[PDB]
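Below you'll find the structure, written out as structure tokens, and then a few comments.
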Amino acid sequence: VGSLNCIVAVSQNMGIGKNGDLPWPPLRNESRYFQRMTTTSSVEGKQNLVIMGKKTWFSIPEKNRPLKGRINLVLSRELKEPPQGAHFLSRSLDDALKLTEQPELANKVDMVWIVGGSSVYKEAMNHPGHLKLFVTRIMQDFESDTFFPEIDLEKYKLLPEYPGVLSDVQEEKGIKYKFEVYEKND
Ligand SMILES: NC(=O)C1=CN([C@@H]2O[C@H](COP(=O)(O)OP(=O)(O)OC[C@H]3O[C@@H](n4cnc5c(N)ncnc54)[C@H](OP(=O)(O)O)[C@@H]3O)[C@@H](O)[C@H]2O)C=CC1
Ligand SMILES: CN(Cc1coc2nc(N)nc(N)c12)c1ccc(C(=O)N[C@@H](CCC(=O)O)C(=O)O)cc1
């Protein structure tokens with residue numbers, strides 16, 4: 001309906017997950033920022049849609065499932081029905097976007113947030129149209145078993161600044177990271 005965005009935390013070796021979880025120790029402020037970006041809606045009486053693969057759903061601690069104040073959609077071709085706590089189930093990303101245009105959700109949804117995993121990001125990244133990437137750069141190498149797709153800099157531009165995103169290097173548990181905003185339109 002509105003804006004389509006991807007949001008991801010990545011290590012310096014482009015790693016995003018190791019055994020069902022994050023490769024680095026928990027960053028409470030990095031988690032808070034994911035929460036704030038995905039939950040805030042720009043319009044009244046409207047909520048954001050969160051779209052994720054099934055192994056991403058199963059890595060959110062059970063006590064936080066479904067993500068509060070968000071419409072939670074799970075992607076999977078194997079599942080018969082949405083997992084317990086999930087609001088919707090889709091077989092592909094074109095179908096999940098064909099769904100926000102149903103009067104059911106059409107008047108309800110402001111932004112669309114892709115929250116992973118690899119397979120999901122890869123396809124959003126090739127979708128034609130306006131898209132923004134929200135990338136947290138975790139500045140060290142971490143042994144990973146799942147990786148973020150290559151960002152094609154001939155198509156995506158790094159923005160010099162973005163409203164409500166801090167520009168400086170953060171530090172938490174001795175780890176440095178920074179926030180980037182990339183924009184495409186083709
Ligand atoms: N650092 C960060 O930002 C992030 C880290 N993570 C972490 O990364 C890993 C999650 O990994 P990843 O394996 O890539 O998993 P996904 O969450 O992408 O799960 C893959 C499953 O999702 C379904 N699916 C994925 N893409 C599609 C599609 N286009 N259409 C329909 N179904 C699809 C399929 O389920 P089926 O097999 O049922 O058809 C596929 O087997 C974890 O280790 C997690 O903690 C996750 C997201 C962000
Ligand atoms: C593995 N993922 C993907 C994930 C984690 O960190 C990220 N950080 C970024 N920048 N992008 C993402 N996609 C992720 C997640 C795992 C658990 C929760 C979760 O518990 N979220 C609570 C967090 C609340 C909190 O930390 O208090 C929420 O309300 O959003 C979210 C995402």
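Ordering of the structure tokens sets the chain letters (A, B, ...); residue numbers start at 1 within each chain; ligands are numbered from 1 in the order shown.
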
(message) Taking only C-alpha atoms and all ligand atoms into account, list the residues no farther than 7 Å from ligand 2, as an MDAnalysis selection string.
(response) chainID A and resid 7:9 21:22 28 30:32 34:35 56 59:61 64 67:68 115:116 135:136

Those residues you just picked out, can you put them in a file as a PDB file, in the first residue's frame with C-alpha atoms?
ATOM      1  CA  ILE A   7      15.532  -3.942   7.806  1.00  0.00           C
ATOM      2  CA  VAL A   8      18.616  -6.176   8.750  1.00  0.00           C
ATOM      3  CA  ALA A   9      21.667  -6.195  11.191  1.00  0.00           C
ATOM      4  CA  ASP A  21      19.952 -17.123  16.371  1.00  0.00           C
ATOM      5  CA  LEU A  22      22.033 -14.000  15.957  1.00  0.00           C
ATOM      6  CA  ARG A  28      19.471  -4.317  23.657  1.00  0.00           C
ATOM      7  CA  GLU A  30      19.965  -2.516  18.400  1.00  0.00           C
ATOM      8  CA  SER A  31      16.731  -4.505  19.377  1.00  0.00           C
ATOM      9  CA  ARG A  32      14.996  -1.370  20.620  1.00  0.00           C
ATOM     10  CA  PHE A  34      14.313  -2.581  15.283  1.00  0.00           C
ATOM     11  CA  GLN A  35      11.190  -2.310  17.435  1.00  0.00           C
ATOM     12  CA  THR A  56      12.988 -15.989  11.281  1.00  0.00           C
ATOM     13  CA  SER A  59      14.101 -17.268  16.178  1.00  0.00           C
ATOM     14  CA  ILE A  60      11.898 -14.573  18.004  1.00  0.00           C
ATOM     15  CA  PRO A  61      11.607 -15.594  21.702  1.00  0.00           C
ATOM     16  CA  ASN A  64       7.669 -11.794  22.113  1.00  0.00           C
ATOM     17  CA  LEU A  67       5.589  -8.718  17.575  1.00  0.00           C
ATOM     18  CA  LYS A  68       3.202  -6.331  19.400  1.00  0.00           C
ATOM     19  CA  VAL A 115      12.539  -8.607   8.469  1.00  0.00           C
ATOM     20  CA  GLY A 116      14.307 -11.628   6.803  1.00  0.00           C
ATOM     21  CA  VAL A 135      21.096  -1.685   7.355  1.00  0.00           C
ATOM     22  CA  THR A 136      22.772  -1.885  10.844  1.00  0.00           C
TER      23      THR A 136
END

(request) Excluding residue A:25 and residues on its chain fewer than 5 positions from it, collect all residues at most 12 Å away from it, counting only C-alpha atoms, and give them as number ranges by chain. (result) A: 17-18, 30-31, 138, 142, 172-175

Written selection (N, CA, C and O atoms) as a compact mmCIF listing (two decimals), in the first residue's frame:
# COMPACT_ATOMS: atom_id res chain seq x y z
N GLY A 17 22.99 -14.89 10.79
CA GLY A 17 22.31 -15.76 11.78
C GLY A 17 23.39 -16.94 11.85
O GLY A 17 24.29 -17.02 11.05
N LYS A 18 23.36 -17.61 12.96
CA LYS A 18 24.23 -18.82 13.19
C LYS A 18 23.31 -19.75 14.05
O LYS A 18 22.82 -19.40 15.15
N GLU A 30 20.12 -2.02 19.85
CA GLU A 30 19.97 -2.52 18.40
C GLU A 30 18.56 -3.12 18.42
O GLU A 30 17.84 -2.72 17.48
N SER A 31 18.08 -4.00 19.31
CA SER A 31 16.73 -4.51 19.38
C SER A 31 15.66 -3.44 19.56
O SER A 31 14.54 -3.51 18.91
N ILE A 138 27.35 -4.14 11.84
CA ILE A 138 27.95 -4.61 13.14
C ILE A 138 29.38 -4.80 12.64
O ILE A 138 29.84 -5.46 11.69
N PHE A 142 31.96 -12.23 12.49
CA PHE A 142 31.33 -13.16 13.51
C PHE A 142 31.08 -14.48 12.75
O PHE A 142 30.67 -14.36 11.55
N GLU A 172 28.14 -1.19 22.05
CA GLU A 172 27.30 -1.87 23.19
C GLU A 172 28.02 -3.16 23.45
O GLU A 172 28.52 -3.88 22.56
N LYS A 173 28.23 -3.57 24.74
CA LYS A 173 29.00 -4.81 25.07
C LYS A 173 30.35 -4.89 24.30
O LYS A 173 30.77 -6.04 23.92
N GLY A 174 30.91 -3.64 24.09
CA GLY A 174 32.16 -3.60 23.41
C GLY A 174 32.10 -3.87 21.88
O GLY A 174 33.23 -4.14 21.32
N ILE A 175 30.87 -3.74 21.37
CA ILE A 175 30.80 -4.03 19.88
C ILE A 175 30.47 -2.67 19.19
O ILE A 175 29.47 -2.16 19.63

(request) With a distance cut-off of 10 Å and only C-alpha atoms, select the neighbouring residues of stretch 147-156 of chain A, excluding the residue or stretch itself and same-chain residues fewer than 2 positions from it, and output the selection as a ChimeraX atom specification. (result) /A:8-11,13-18,116-119,121-123,125,131-133,144-145,158-159,181-186

Keeping only C-alpha atoms, take the residues you just selected and write them out as an mmCIF file, in the first residue's frame.
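So the final result, stored in selection.cif, reads:
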data_model
loop_
_atom_site.group_PDB
_atom_site.id
_atom_site.type_symbol
_atom_site.label_atom_id
_atom_site.label_comp_id
_atom_site.auth_asym_id
_atom_site.auth_seq_id
_atom_site.Cartn_x
_atom_site.Cartn_y
_atom_site.Cartn_z
ATOM 1 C CA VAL A 8 18.616 -6.176 8.750
ATOM 2 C CA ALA A 9 21.667 -6.195 11.191
ATOM 3 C CA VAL A 10 24.851 -7.594 9.382
ATOM 4 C CA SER A 11 28.465 -8.459 10.576
ATOM 5 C CA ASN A 13 31.664 -10.708 6.840
ATOM 6 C CA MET A 14 27.944 -10.204 5.724
ATOM 7 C CA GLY A 15 26.662 -12.606 8.408
ATOM 8 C CA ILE A 16 23.109 -12.533 9.747
ATOM 9 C CA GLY A 17 22.313 -15.758 11.776
ATOM 10 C CA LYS A 18 24.225 -18.823 13.188
ATOM 11 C CA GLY A 116 14.307 -11.628 6.803
ATOM 12 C CA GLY A 117 15.680 -14.137 6.176
ATOM 13 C CA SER A 118 18.257 -14.298 3.278
ATOM 14 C CA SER A 119 15.866 -15.790 0.709
ATOM 15 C CA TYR A 121 15.719 -10.159 1.328
ATOM 16 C CA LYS A 122 17.129 -11.460 -2.045
ATOM 17 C CA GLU A 123 13.656 -11.356 -3.757
ATOM 18 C CA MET A 125 15.894 -6.569 -3.465
ATOM 19 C CA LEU A 131 12.471 0.314 -1.881
ATOM 20 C CA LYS A 132 14.569 1.397 1.113
ATOM 21 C CA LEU A 133 17.128 -0.849 2.965
ATOM 22 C CA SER A 144 27.803 -17.154 10.638
ATOM 23 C CA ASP A 145 25.938 -19.813 8.657
ATOM 24 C CA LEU A 158 23.655 5.237 0.555
ATOM 25 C CA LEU A 159 21.741 8.270 1.995
ATOM 26 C CA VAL A 181 19.745 3.929 4.896
ATOM 27 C CA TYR A 182 19.930 2.840 1.199
ATOM 28 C CA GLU A 183 17.415 3.908 -1.429
ATOM 29 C CA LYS A 184 16.506 2.375 -4.906
ATOM 30 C CA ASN A 185 13.877 3.483 -7.674
ATOM 31 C CA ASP A 186 13.816 1.504 -10.989
#

(request) May I ask which of the residues A:63, A:51, A:171, A:160 is the closest one to residue A:124, counting only C-alpha atoms? (result)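 Nearest candidate to residue A:124 out of A:63, A:51, A:171, A:160: A:51.
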
(request) Using atom CA of residue A:85 and atom CA of residue A:65 as the two end points, give the distance in Å to one decimal. (result)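 Distance reported for this atom pair: 6.1 Å.
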
(request) Going by DSSP on the backbone, which bits of stretch 143-178 of chain A are strand (DSSP E or B)? Write them as a ChimeraX atom specification, please. (result) /A:146-147,157-158,170-172,175-178

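Counting only C-alpha atoms and all ligand atoms, the residue from A:84, A:76, A:42, A:126 that sits nearest to ligand 1 is A:76.
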
(message) Taking 3 positions as the minimum chain separation for residues in the same chain, which residues sit within 7 Å of stretch 87-99 of chain A when counting only C-alpha atoms? Answer as a PyMOL selection string.
(response) chain A and resi 71-77+81-82+102

(message) Show me, as a VMD selection string, the residues that have an atom within 10 Å of residue A:112 when counting only C-alpha atoms, minus same-chain residues fewer than 6 positions from it.
(response) chain A and resid 1 to 6 38 47 to 51 71 96 to 97 100

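Between atom 13 (O, counted along the ligand's line) of ligand 1 and atom CA of residue A:170 the separation is 27.1 Å.
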
(request) For each of A:83, A:53, A:128, A:163, take the minimum atom-to-atom distance to ligand 1, counting only C-alpha atoms and all ligand atoms, then give the residue where this is smallest. (result)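 Looking at the shortest contact to ligand 1, the residue is A:53.
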
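Distances here use only C-alpha atoms and all ligand atoms; by that measure, the residue among A:106, A:111, A:86, A:52 closest to ligand 1 is A:52.
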
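A straight line drawn from atom 39 (O, counted along the ligand's line) of ligand 1 to atom CA of residue A:78 is 4.7 Å long.
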